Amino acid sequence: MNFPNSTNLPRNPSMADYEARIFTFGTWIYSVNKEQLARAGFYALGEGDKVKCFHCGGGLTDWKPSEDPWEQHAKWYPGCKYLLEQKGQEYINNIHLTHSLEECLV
């Protein structure tokens, strides 16, 4: 995998628009909602349920129905400027705390 983009400039500007991201999914069979994915910056690659964020370039796969796009975006790509713009560092910290705590109980 490539290093995550942490600048304020998106790595894939062709996918900066919500509607452009939506088109990439086509008929979507997966447990996670495509519009929810698009809203969280993600577009489909067309193999299984692999998605990439247009901004950080961050890739995710194998979506369980309990996995939220924004939460996962924060878990795995915490430097993403798009994430920070949309959700705020307050949200981002609670998510980190929550995940880093879930381990304790597990």
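Throughout, rigid core stands for the largest set of C-alpha atoms superposing within 1.5 Å between the two forms. Just count from 1 along the sequence shown to find any residue number.
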Notebook entry, point to check: Say the other structures are aligned on the rigid core; which stretch then has the higher CA RMS in 6 other deposited structures of this protein, 80-88 or 21-29?
Noted result: 21-29
Margin query: Do the Cα atoms of 64-72 or of 40-48 sit farther, on average, from the shown structure in 6 other deposited structures of this protein when the rigid core is superposed?
Written below: 64-72
Check: Looking at the entry, does 78-86 or 20-28 show the higher mean C-alpha B-factor?
Finding: 20-28
Checklist line | Of 3-11 and 96-104, the stretch whose C-alpha atoms average the higher B-factor in the entry | finding: 96-104
Check: Out of 73, 50, 55, 64, which shows the largest CA B-factor listed in the entry?
Finding: 64
